[PDB]
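Trainee: Supplied structure: run07.pdb, PDB, C-alpha atoms and all ligand atoms.
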ATOM      1  CA  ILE X   1     198.175 304.218  55.449  1.00  0.00           C
ATOM      2  CA  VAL X   2     199.936 302.630  58.448  1.00  0.00           C
ATOM      3  CA  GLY X   3     199.780 298.820  58.714  1.00  0.00           C
ATOM      4  CA  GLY X   4     198.220 298.308  55.305  1.00  0.00           C
ATOM      5  CA  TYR X   5     199.434 296.516  52.173  1.00  0.00           C
ATOM      6  CA  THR X   6     200.335 297.352  48.629  1.00  0.00           C
ATOM      7  CA  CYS X   7     197.102 297.465  46.673  1.00  0.00           C
ATOM      8  CA  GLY X   8     198.483 296.244  43.354  1.00  0.00           C
ATOM      9  CA  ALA X   9     198.441 298.538  40.294  1.00  0.00           C
ATOM     10  CA  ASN X  10     195.047 299.903  39.375  1.00  0.00           C
ATOM     11  CA  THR X  11     193.066 297.649  41.711  1.00  0.00           C
ATOM     12  CA  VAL X  12     191.368 300.723  43.190  1.00  0.00           C
ATOM     13  CA  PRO X  13     190.311 302.402  39.939  1.00  0.00           C
ATOM     14  CA  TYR X  14     188.293 305.198  41.547  1.00  0.00           C
ATOM     15  CA  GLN X  15     191.235 306.551  43.603  1.00  0.00           C
ATOM     16  CA  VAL X  16     192.671 309.877  42.504  1.00  0.00           C
ATOM     17  CA  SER X  17     195.646 311.927  43.732  1.00  0.00           C
ATOM     18  CA  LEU X  18     195.099 315.738  44.061  1.00  0.00           C
ATOM     19  CA  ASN X  19     198.355 317.286  42.880  1.00  0.00           C
ATOM     20  CA  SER X  20     199.818 320.824  42.932  1.00  0.00           C
ATOM     21  CA  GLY X  21     203.404 319.844  42.087  1.00  0.00           C
ATOM     22  CA  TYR X  22     203.333 317.087  44.768  1.00  0.00           C
ATOM     23  CA  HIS X  23     200.570 314.810  46.125  1.00  0.00           C
ATOM     24  CA  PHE X  24     198.702 316.493  49.001  1.00  0.00           C
ATOM     25  CA  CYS X  25     195.339 314.583  49.234  1.00  0.00           C
ATOM     26  CA  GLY X  26     193.382 311.675  47.768  1.00  0.00           C
ATOM     27  CA  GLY X  27     189.835 311.744  46.352  1.00  0.00           C
ATOM     28  CA  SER X  28     187.273 309.443  44.682  1.00  0.00           C
ATOM     29  CA  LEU X  29     185.962 309.585  41.119  1.00  0.00           C
ATOM     30  CA  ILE X  30     182.097 309.351  41.319  1.00  0.00           C
ATOM     31  CA  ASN X  31     181.313 309.947  37.553  1.00  0.00           C
ATOM     32  CA  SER X  32     183.441 311.039  34.559  1.00  0.00           C
ATOM     33  CA  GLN X  33     183.687 314.707  35.425  1.00  0.00           C
ATOM     34  CA  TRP X  34     183.320 314.870  39.232  1.00  0.00           C
ATOM     35  CA  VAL X  35     185.545 313.897  42.217  1.00  0.00           C
ATOM     36  CA  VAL X  36     184.663 313.933  45.910  1.00  0.00           C
ATOM     37  CA  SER X  37     187.388 314.804  48.456  1.00  0.00           C
ATOM     38  CA  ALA X  38     187.581 316.551  51.807  1.00  0.00           C
ATOM     39  CA  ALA X  39     186.910 320.245  52.251  1.00  0.00           C
ATOM     40  CA  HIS X  40     190.092 320.774  54.150  1.00  0.00           C
ATOM     41  CA  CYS X  41     192.063 319.580  51.086  1.00  0.00           C
ATOM     42  CA  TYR X  42     190.925 322.684  49.196  1.00  0.00           C
ATOM     43  CA  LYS X  43     193.492 324.914  47.467  1.00  0.00           C
ATOM     44  CA  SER X  44     193.767 326.471  44.022  1.00  0.00           C
ATOM     45  CA  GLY X  45     195.920 325.004  41.270  1.00  0.00           C
ATOM     46  CA  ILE X  46     194.644 321.451  41.616  1.00  0.00           C
ATOM     47  CA  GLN X  47     195.487 318.892  38.956  1.00  0.00           C
ATOM     48  CA  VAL X  48     193.579 315.607  39.440  1.00  0.00           C
ATOM     49  CA  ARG X  49     195.595 312.503  38.624  1.00  0.00           C
ATOM     50  CA  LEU X  50     193.661 309.386  37.738  1.00  0.00           C
ATOM     51  CA  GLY X  51     194.937 305.817  36.931  1.00  0.00           C
ATOM     52  CA  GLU X  52     197.923 306.120  39.231  1.00  0.00           C
ATOM     53  CA  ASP X  53     199.854 303.518  41.129  1.00  0.00           C
ATOM     54  CA  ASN X  54     203.411 304.912  41.486  1.00  0.00           C
ATOM     55  CA  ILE X  55     202.800 308.725  41.789  1.00  0.00           C
ATOM     56  CA  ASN X  56     206.416 309.556  40.986  1.00  0.00           C
ATOM     57  CA  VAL X  57     206.628 307.531  37.725  1.00  0.00           C
ATOM     58  CA  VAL X  58     204.477 307.764  34.536  1.00  0.00           C
ATOM     59  CA  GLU X  59     203.860 304.017  34.033  1.00  0.00           C
ATOM     60  CA  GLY X  60     200.941 304.349  31.653  1.00  0.00           C
ATOM     61  CA  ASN X  61     197.172 304.630  32.407  1.00  0.00           C
ATOM     62  CA  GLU X  62     197.486 308.013  33.978  1.00  0.00           C
ATOM     63  CA  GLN X  63     195.185 310.857  33.029  1.00  0.00           C
ATOM     64  CA  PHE X  64     196.107 314.293  34.428  1.00  0.00           C
ATOM     65  CA  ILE X  65     193.145 316.675  34.312  1.00  0.00           C
ATOM     66  CA  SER X  66     192.845 320.143  35.804  1.00  0.00           C
ATOM     67  CA  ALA X  67     189.996 320.927  38.158  1.00  0.00           C
ATOM     68  CA  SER X  68     187.572 323.467  36.617  1.00  0.00           C
ATOM     69  CA  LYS X  69     186.045 324.311  40.076  1.00  0.00           C
ATOM     70  CA  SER X  70     186.034 322.955  43.603  1.00  0.00           C
ATOM     71  CA  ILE X  71     182.902 323.292  45.722  1.00  0.00           C
ATOM     72  CA  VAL X  72     183.539 323.197  49.456  1.00  0.00           C
ATOM     73  CA  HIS X  73     180.404 322.377  51.427  1.00  0.00           C
ATOM     74  CA  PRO X  74     178.862 325.803  52.508  1.00  0.00           C
ATOM     75  CA  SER X  75     178.594 324.721  56.185  1.00  0.00           C
ATOM     76  CA  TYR X  76     182.165 323.348  56.396  1.00  0.00           C
ATOM     77  CA  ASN X  77     183.717 324.325  59.790  1.00  0.00           C
ATOM     78  CA  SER X  78     187.495 324.251  59.688  1.00  0.00           C
ATOM     79  CA  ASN X  79     187.706 324.155  63.488  1.00  0.00           C
ATOM     80  CA  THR X  80     185.585 321.058  64.018  1.00  0.00           C
ATOM     81  CA  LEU X  81     185.901 319.629  60.478  1.00  0.00           C
ATOM     82  CA  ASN X  82     182.153 319.140  60.503  1.00  0.00           C
ATOM     83  CA  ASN X  83     180.905 318.832  56.835  1.00  0.00           C
ATOM     84  CA  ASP X  84     184.405 318.003  55.595  1.00  0.00           C
ATOM     85  CA  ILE X  85     183.431 317.224  51.974  1.00  0.00           C
ATOM     86  CA  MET X  86     184.219 318.925  48.664  1.00  0.00           C
ATOM     87  CA  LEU X  87     183.254 318.216  45.074  1.00  0.00           C
ATOM     88  CA  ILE X  88     185.769 318.953  42.265  1.00  0.00           C
ATOM     89  CA  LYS X  89     184.572 319.318  38.677  1.00  0.00           C
ATOM     90  CA  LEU X  90     187.150 318.281  36.062  1.00  0.00           C
ATOM     91  CA  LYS X  91     187.961 320.547  33.076  1.00  0.00           C
ATOM     92  CA  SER X  92     187.272 317.634  30.621  1.00  0.00           C
ATOM     93  CA  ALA X  93     185.722 314.268  31.318  1.00  0.00           C
ATOM     94  CA  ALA X  94     187.977 311.350  32.036  1.00  0.00           C
ATOM     95  CA  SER X  95     188.049 308.223  29.797  1.00  0.00           C
ATOM     96  CA  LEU X  96     186.672 305.461  31.976  1.00  0.00           C
ATOM     97  CA  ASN X  97     187.955 301.956  31.393  1.00  0.00           C
ATOM     98  CA  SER X  98     188.999 299.104  33.706  1.00  0.00           C
ATOM     99  CA  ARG X  99     191.826 301.180  35.234  1.00  0.00           C
ATOM    100  CA  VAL X 100     189.842 304.387  35.751  1.00  0.00           C
ATOM    101  CA  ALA X 101     186.283 303.776  36.990  1.00  0.00           C
ATOM    102  CA  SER X 102     183.874 305.680  39.239  1.00  0.00           C
ATOM    103  CA  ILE X 103     182.502 304.387  42.559  1.00  0.00           C
ATOM    104  CA  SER X 104     178.801 304.468  43.526  1.00  0.00           C
ATOM    105  CA  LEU X 105     177.370 306.665  46.199  1.00  0.00           C
ATOM    106  CA  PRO X 106     175.396 304.758  48.873  1.00  0.00           C
ATOM    107  CA  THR X 107     171.639 304.507  49.164  1.00  0.00           C
ATOM    108  CA  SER X 108     171.823 303.866  52.890  1.00  0.00           C
ATOM    109  CA  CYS X 109     174.389 304.364  55.624  1.00  0.00           C
ATOM    110  CA  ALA X 110     176.529 301.433  56.763  1.00  0.00           C
ATOM    111  CA  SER X 111     176.352 299.714  60.100  1.00  0.00           C
ATOM    112  CA  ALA X 112     179.043 299.237  62.713  1.00  0.00           C
ATOM    113  CA  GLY X 113     181.013 296.098  61.890  1.00  0.00           C
ATOM    114  CA  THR X 114     180.947 296.716  58.113  1.00  0.00           C
ATOM    115  CA  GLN X 115     184.387 296.006  56.591  1.00  0.00           C
ATOM    116  CA  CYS X 116     185.619 298.713  54.245  1.00  0.00           C
ATOM    117  CA  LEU X 117     188.723 299.375  52.146  1.00  0.00           C
ATOM    118  CA  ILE X 118     190.658 302.604  52.726  1.00  0.00           C
ATOM    119  CA  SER X 119     193.511 303.568  50.383  1.00  0.00           C
ATOM    120  CA  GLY X 120     196.006 306.319  49.712  1.00  0.00           C
ATOM    121  CA  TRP X 121     199.597 307.523  49.382  1.00  0.00           C
ATOM    122  CA  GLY X 122     199.877 308.902  52.893  1.00  0.00           C
ATOM    123  CA  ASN X 123     202.447 308.289  55.546  1.00  0.00           C
ATOM    124  CA  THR X 124     203.038 304.637  56.525  1.00  0.00           C
ATOM    125  CA  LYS X 125     204.742 305.431  59.919  1.00  0.00           C
ATOM    126  CA  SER X 126     202.823 306.511  63.069  1.00  0.00           C
ATOM    127  CA  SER X 127     205.915 307.966  64.633  1.00  0.00           C
ATOM    128  CA  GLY X 128     207.782 309.648  61.689  1.00  0.00           C
ATOM    129  CA  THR X 129     207.132 310.219  57.949  1.00  0.00           C
ATOM    130  CA  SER X 130     207.682 307.575  55.225  1.00  0.00           C
ATOM    131  CA  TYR X 131     205.622 308.314  52.118  1.00  0.00           C
ATOM    132  CA  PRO X 132     205.154 305.490  49.612  1.00  0.00           C
ATOM    133  CA  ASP X 133     205.463 305.602  45.859  1.00  0.00           C
ATOM    134  CA  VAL X 134     202.592 303.188  45.217  1.00  0.00           C
ATOM    135  CA  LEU X 135     199.092 302.965  46.609  1.00  0.00           C
ATOM    136  CA  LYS X 136     198.482 301.341  49.991  1.00  0.00           C
ATOM    137  CA  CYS X 137     195.317 299.653  51.187  1.00  0.00           C
ATOM    138  CA  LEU X 138     193.864 298.795  54.554  1.00  0.00           C
ATOM    139  CA  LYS X 139     190.712 296.785  55.302  1.00  0.00           C
ATOM    140  CA  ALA X 140     189.095 298.325  58.450  1.00  0.00           C
ATOM    141  CA  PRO X 141     185.667 298.086  60.128  1.00  0.00           C
ATOM    142  CA  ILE X 142     183.296 300.904  61.034  1.00  0.00           C
ATOM    143  CA  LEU X 143     183.096 301.252  64.842  1.00  0.00           C
ATOM    144  CA  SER X 144     179.928 301.800  66.814  1.00  0.00           C
ATOM    145  CA  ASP X 145     178.972 305.329  67.669  1.00  0.00           C
ATOM    146  CA  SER X 146     179.572 304.772  71.366  1.00  0.00           C
ATOM    147  CA  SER X 147     183.165 303.626  70.903  1.00  0.00           C
ATOM    148  CA  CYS X 148     183.766 306.548  68.567  1.00  0.00           C
ATOM    149  CA  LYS X 149     182.282 309.091  70.997  1.00  0.00           C
ATOM    150  CA  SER X 150     184.059 307.555  73.925  1.00  0.00           C
ATOM    151  CA  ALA X 151     187.361 307.941  72.044  1.00  0.00           C
ATOM    152  CA  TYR X 152     186.784 311.536  71.037  1.00  0.00           C
ATOM    153  CA  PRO X 153     184.367 312.994  73.581  1.00  0.00           C
ATOM    154  CA  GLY X 154     182.672 316.160  72.318  1.00  0.00           C
ATOM    155  CA  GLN X 155     184.283 316.100  68.853  1.00  0.00           C
ATOM    156  CA  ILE X 156     182.157 313.684  66.829  1.00  0.00           C
ATOM    157  CA  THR X 157     179.116 315.100  65.010  1.00  0.00           C
ATOM    158  CA  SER X 158     176.415 313.118  63.255  1.00  0.00           C
ATOM    159  CA  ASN X 159     178.395 313.628  60.032  1.00  0.00           C
ATOM    160  CA  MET X 160     181.346 311.576  61.191  1.00  0.00           C
ATOM    161  CA  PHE X 161     182.052 307.952  61.982  1.00  0.00           C
ATOM    162  CA  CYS X 162     185.113 306.091  63.255  1.00  0.00           C
ATOM    163  CA  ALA X 163     186.702 303.151  61.508  1.00  0.00           C
ATOM    164  CA  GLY X 164     189.834 301.288  62.443  1.00  0.00           C
ATOM    165  CA  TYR X 165     191.500 299.371  65.255  1.00  0.00           C
ATOM    166  CA  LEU X 166     191.460 300.499  68.891  1.00  0.00           C
ATOM    167  CA  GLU X 167     194.526 298.360  69.605  1.00  0.00           C
ATOM    168  CA  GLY X 168     196.500 300.696  67.314  1.00  0.00           C
ATOM    169  CA  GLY X 169     198.815 299.642  64.447  1.00  0.00           C
ATOM    170  CA  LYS X 170     196.577 300.158  61.418  1.00  0.00           C
ATOM    171  CA  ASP X 171     195.080 303.550  60.366  1.00  0.00           C
ATOM    172  CA  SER X 172     194.979 306.123  57.577  1.00  0.00           C
ATOM    173  CA  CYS X 173     197.375 309.073  58.129  1.00  0.00           C
ATOM    174  CA  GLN X 174     198.482 312.406  56.611  1.00  0.00           C
ATOM    175  CA  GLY X 175     198.529 312.244  52.841  1.00  0.00           C
ATOM    176  CA  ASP X 176     195.436 309.988  52.874  1.00  0.00           C
ATOM    177  CA  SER X 177     192.966 312.845  53.710  1.00  0.00           C
ATOM    178  CA  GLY X 178     190.258 313.226  51.048  1.00  0.00           C
ATOM    179  CA  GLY X 179     190.385 309.625  50.019  1.00  0.00           C
ATOM    180  CA  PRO X 180     187.897 306.803  49.942  1.00  0.00           C
ATOM    181  CA  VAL X 181     186.374 304.430  52.467  1.00  0.00           C
ATOM    182  CA  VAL X 182     184.462 301.920  50.318  1.00  0.00           C
ATOM    183  CA  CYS X 183     182.200 299.323  51.833  1.00  0.00           C
ATOM    184  CA  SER X 184     180.298 296.792  49.727  1.00  0.00           C
ATOM    185  CA  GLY X 185     181.054 298.767  46.592  1.00  0.00           C
ATOM    186  CA  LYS X 186     179.682 302.067  47.861  1.00  0.00           C
ATOM    187  CA  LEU X 187     181.636 305.127  48.952  1.00  0.00           C
ATOM    188  CA  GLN X 188     180.610 305.407  52.665  1.00  0.00           C
ATOM    189  CA  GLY X 189     183.400 307.714  53.890  1.00  0.00           C
ATOM    190  CA  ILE X 190     186.091 310.250  53.157  1.00  0.00           C
ATOM    191  CA  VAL X 191     189.384 310.222  55.191  1.00  0.00           C
ATOM    192  CA  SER X 192     189.101 313.291  57.427  1.00  0.00           C
ATOM    193  CA  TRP X 193     191.160 313.385  60.666  1.00  0.00           C
ATOM    194  CA  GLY X 194     192.448 311.445  63.660  1.00  0.00           C
ATOM    195  CA  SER X 195     194.807 312.025  66.661  1.00  0.00           C
ATOM    196  CA  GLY X 196     198.254 310.966  65.439  1.00  0.00           C
ATOM    197  CA  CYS X 197     198.145 307.875  63.303  1.00  0.00           C
ATOM    198  CA  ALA X 198     197.533 304.347  64.402  1.00  0.00           C
ATOM    199  CA  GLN X 199     197.636 305.168  68.088  1.00  0.00           C
ATOM    200  CA  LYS X 200     195.793 303.020  70.638  1.00  0.00           C
ATOM    201  CA  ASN X 201     192.198 304.087  71.293  1.00  0.00           C
ATOM    202  CA  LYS X 202     192.428 306.929  68.736  1.00  0.00           C
ATOM    203  CA  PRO X 203     190.740 305.532  65.591  1.00  0.00           C
ATOM    204  CA  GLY X 204     190.447 307.469  62.302  1.00  0.00           C
ATOM    205  CA  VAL X 205     187.377 309.686  61.813  1.00  0.00           C
ATOM    206  CA  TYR X 206     185.645 309.837  58.454  1.00  0.00           C
ATOM    207  CA  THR X 207     183.033 312.064  56.803  1.00  0.00           C
ATOM    208  CA  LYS X 208     179.751 310.096  56.688  1.00  0.00           C
ATOM    209  CA  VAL X 209     178.908 310.340  52.939  1.00  0.00           C
ATOM    210  CA  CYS X 210     175.407 308.803  53.207  1.00  0.00           C
ATOM    211  CA  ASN X 211     174.394 312.122  54.855  1.00  0.00           C
ATOM    212  CA  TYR X 212     175.380 314.131  51.756  1.00  0.00           C
ATOM    213  CA  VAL X 213     174.009 312.181  48.807  1.00  0.00           C
ATOM    214  CA  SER X 214     171.084 314.590  48.046  1.00  0.00           C
ATOM    215  CA  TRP X 215     173.522 317.514  48.448  1.00  0.00           C
ATOM    216  CA  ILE X 216     176.029 315.934  46.023  1.00  0.00           C
ATOM    217  CA  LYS X 217     173.261 315.132  43.524  1.00  0.00           C
ATOM    218  CA  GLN X 218     171.661 318.574  43.655  1.00  0.00           C
ATOM    219  CA  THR X 219     174.973 320.334  43.474  1.00  0.00           C
ATOM    220  CA  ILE X 220     176.178 318.315  40.433  1.00  0.00           C
ATOM    221  CA  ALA X 221     172.816 318.736  38.754  1.00  0.00           C
ATOM    222  CA  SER X 222     173.159 322.523  39.012  1.00  0.00           C
ATOM    223  CA  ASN X 223     176.857 322.846  37.984  1.00  0.00           C
TER
HETATM  224  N1  LIG X 301     194.913 309.384  61.973  1.00  0.00           N
HETATM  225  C1  LIG X 301     194.222 309.517  60.864  1.00  0.00           C
HETATM  226  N2  LIG X 301     193.312 308.617  60.547  1.00  0.00           N
HETATM  227  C2  LIG X 301     194.442 310.617  60.012  1.00  0.00           C
HETATM  228  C3  LIG X 301     193.714 310.720  58.778  1.00  0.00           C
HETATM  229  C4  LIG X 301     193.893 311.776  57.885  1.00  0.00           C
HETATM  230  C5  LIG X 301     194.801 312.719  58.236  1.00  0.00           C
HETATM  231  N3  LIG X 301     195.159 313.766  57.587  1.00  0.00           N
HETATM  232  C6  LIG X 301     196.063 314.330  58.327  1.00  0.00           C
HETATM  233  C7  LIG X 301     196.668 315.542  57.988  1.00  0.00           C
HETATM  234  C8  LIG X 301     197.749 316.036  58.710  1.00  0.00           C
HETATM  235  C9  LIG X 301     198.351 317.231  58.389  1.00  0.00           C
HETATM  236  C10 LIG X 301     197.880 317.970  57.330  1.00  0.00           C
HETATM  237  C11 LIG X 301     196.786 317.539  56.547  1.00  0.00           C
HETATM  238  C12 LIG X 301     196.310 318.338  55.480  1.00  0.00           C
HETATM  239  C13 LIG X 301     196.082 319.719  55.651  1.00  0.00           C
HETATM  240  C14 LIG X 301     195.642 320.532  54.610  1.00  0.00           C
HETATM  241  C15 LIG X 301     195.416 319.968  53.361  1.00  0.00           C
HETATM  242  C16 LIG X 301     195.630 318.626  53.172  1.00  0.00           C
HETATM  243  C17 LIG X 301     196.064 317.832  54.212  1.00  0.00           C
HETATM  244  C18 LIG X 301     196.208 316.320  56.904  1.00  0.00           C
HETATM  245  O1  LIG X 301     195.152 315.846  56.155  1.00  0.00           O
HETATM  246  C19 LIG X 301     196.346 313.717  59.461  1.00  0.00           C
HETATM  247  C20 LIG X 301     195.517 312.685  59.365  1.00  0.00           C
HETATM  248  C21 LIG X 301     195.377 311.652  60.298  1.00  0.00           C
HETATM  249 CA    CA X 302     202.492 307.155  37.952  1.00  0.00          CA
HETATM  250 CL    CL X 303     179.829 313.393  73.357  1.00  0.00          CL
END
Represent the supplied structure as structure tokens.

Mentor:
Amino acid sequence: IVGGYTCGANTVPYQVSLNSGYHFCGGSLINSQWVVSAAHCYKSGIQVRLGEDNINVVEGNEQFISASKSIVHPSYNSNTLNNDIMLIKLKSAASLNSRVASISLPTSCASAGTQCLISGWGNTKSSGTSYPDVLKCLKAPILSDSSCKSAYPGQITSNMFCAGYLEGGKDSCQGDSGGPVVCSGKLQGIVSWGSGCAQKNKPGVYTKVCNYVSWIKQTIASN
């Protein structure tokens, strides 16, 4: 997260770190046995780490659970990143409490202007790599479809939305992919891609979760 602030330990209880010996992506806990992340974060050997703040220190509240299966959306396109969503089923359910909680899926899509919270352990520099130990947060608004399409002509599908600041300075970045974009208590997006990080007129692009709720529900109900 570039231009954000330190969240404060366990203030984002639905945030998870996907780990394979190092942190490579974020994700969101939506119930006690399922996590939603981005399809491009898929790999084998995933350990899901819940209740984290400093990802390099066991401070207490952590729960490390292996993924039993990861379900990449069947129409995921790795060239356009269209349908960049994945569901991960945990080997055992997690113990929910005030430090580990799930986030609700939305019933409707959000409108431009909506203020959301984006978080993660990704790079905090736009020009260079500085990875934090604790979780960073950024409050950012959803942009209108026209500004998004004018920024990325021909690359935005109906399953994506832009959020951020066109003046540059604040954005999600590498290491944040797969994580949450929460607006009014509902998970509206998943960190997907962007051109550089925090560059002028190149906002972050997110997977539009409201378009996949029936798919998430039906898939979880059958697995
Ligand atoms: N400007 C943004 N808003 C933004 C958001 C998420 C991002 N993720 C990345 C990213 C960069 C290199 C590798 C990965 C990656 C690749 C495979 C698996 C996991 C992460 C990224 O997600 C860049 C990147 C940029
Ligand atoms: Ca820790
Ligand atoms: Cl277009």

Trainee: With only C-alpha atoms as the counted atoms, please give the residues lying no more than 12 Å from residue 59 of chain X, apart from itself and same-chain residues fewer than 6 positions off, as a list in words.

Mentor: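 Listing them by chain and then by number gives residues 9, 10, 51, 52, 53 and 134 of chain X.
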
Trainee: Kindly indicate which residue among X:14, X:24, X:212, X:206 lies nearest to residue 104 of chain X, using all atoms listed in the file for the distances.

Mentor: X:14

Trainee: May I have the residues within 10 Å of residue 7 of chain X as a VMD selection string, using only C-alpha atoms and disregarding those fewer than 3 positions away in the same chain?

Mentor: chain X and resid 4 10 to 12 53 119 to 120 134 to 138

Trainee: Got a sec to check which residues lie within 10 Å of ligand LIG 301 (chain X), using all atoms listed in the file, and send them as a count of residues only?

Mentor: 44

Trainee: Report the residues retrieved by the PyMOL selection byres (((chain X and resi 207) around 6) and not hetatm) from the displayed file, expressed as a PyMOL selection string.

Mentor: chain X and resi 159-160+189-190+206+208-209

Trainee: Can you complete the atoms of segment 102-122 of chain X to N, CA and C atoms and list them as an mmCIF file, keeping the file's coordinate frame?

Mentor:
data_model
loop_
_atom_site.group_PDB
_atom_site.id
_atom_site.type_symbol
_atom_site.label_atom_id
_atom_site.label_comp_id
_atom_site.auth_asym_id
_atom_site.auth_seq_id
_atom_site.Cartn_x
_atom_site.Cartn_y
_atom_site.Cartn_z
ATOM 1 N N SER X 102 184.420 304.856 38.114
ATOM 2 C CA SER X 102 183.874 305.680 39.239
ATOM 3 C C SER X 102 183.338 304.717 40.296
ATOM 4 N N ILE X 103 183.042 305.229 41.461
ATOM 5 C CA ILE X 103 182.502 304.387 42.559
ATOM 6 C C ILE X 103 181.082 304.986 42.816
ATOM 7 N N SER X 104 180.199 304.118 43.226
ATOM 8 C CA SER X 104 178.801 304.468 43.526
ATOM 9 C C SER X 104 178.633 305.085 44.883
ATOM 10 N N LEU X 105 177.690 305.968 44.942
ATOM 11 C CA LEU X 105 177.370 306.665 46.199
ATOM 12 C C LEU X 105 176.425 305.665 46.888
ATOM 13 N N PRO X 106 176.310 305.705 48.177
ATOM 14 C CA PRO X 106 175.396 304.758 48.873
ATOM 15 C C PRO X 106 173.928 305.192 48.887
ATOM 16 N N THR X 107 173.091 304.240 49.100
ATOM 17 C CA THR X 107 171.639 304.507 49.164
ATOM 18 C C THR X 107 171.251 304.485 50.641
ATOM 19 N N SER X 108 172.099 303.930 51.457
ATOM 20 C CA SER X 108 171.823 303.866 52.890
ATOM 21 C C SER X 108 173.158 303.924 53.587
ATOM 22 N N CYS X 109 173.142 304.278 54.835
ATOM 23 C CA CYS X 109 174.389 304.364 55.624
ATOM 24 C C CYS X 109 174.801 302.938 56.032
ATOM 25 N N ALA X 110 176.047 302.779 56.366
ATOM 26 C CA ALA X 110 176.529 301.433 56.763
ATOM 27 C C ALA X 110 176.433 301.266 58.257
ATOM 28 N N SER X 111 176.443 300.043 58.676
ATOM 29 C CA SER X 111 176.352 299.714 60.100
ATOM 30 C C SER X 111 177.717 299.397 60.698
ATOM 31 N N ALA X 112 177.773 299.529 61.991
ATOM 32 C CA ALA X 112 179.043 299.237 62.713
ATOM 33 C C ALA X 112 179.395 297.790 62.347
ATOM 34 N N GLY X 113 180.661 297.493 62.244
ATOM 35 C CA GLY X 113 181.013 296.098 61.890
ATOM 36 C C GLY X 113 181.304 295.966 60.411
ATOM 37 N N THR X 114 180.699 296.790 59.586
ATOM 38 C CA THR X 114 180.947 296.716 58.113
ATOM 39 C C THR X 114 182.451 296.879 57.832
ATOM 40 N N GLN X 115 182.948 296.015 56.984
ATOM 41 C CA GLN X 115 184.387 296.006 56.591
ATOM 42 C C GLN X 115 184.475 296.869 55.346
ATOM 43 N N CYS X 116 185.398 297.775 55.375
ATOM 44 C CA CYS X 116 185.619 298.713 54.245
ATOM 45 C C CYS X 116 187.083 298.689 53.844
ATOM 46 N N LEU X 117 187.354 299.283 52.716
ATOM 47 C CA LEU X 117 188.723 299.375 52.146
ATOM 48 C C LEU X 117 189.055 300.858 52.122
ATOM 49 N N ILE X 118 190.182 301.198 52.669
ATOM 50 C CA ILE X 118 190.658 302.604 52.726
ATOM 51 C C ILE X 118 191.975 302.544 51.946
ATOM 52 N N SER X 119 192.257 303.559 51.173
ATOM 53 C CA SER X 119 193.511 303.568 50.383
ATOM 54 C C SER X 119 194.127 304.953 50.264
ATOM 55 N N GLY X 120 195.361 304.997 49.853
ATOM 56 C CA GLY X 120 196.006 306.319 49.712
ATOM 57 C C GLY X 120 197.516 306.249 49.711
ATOM 58 N N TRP X 121 198.107 307.382 49.443
ATOM 59 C CA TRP X 121 199.597 307.523 49.382
ATOM 60 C C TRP X 121 200.128 308.287 50.587
ATOM 61 N N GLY X 122 199.440 308.183 51.683
ATOM 62 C CA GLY X 122 199.877 308.902 52.893
ATOM 63 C C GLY X 122 200.955 308.141 53.623
#
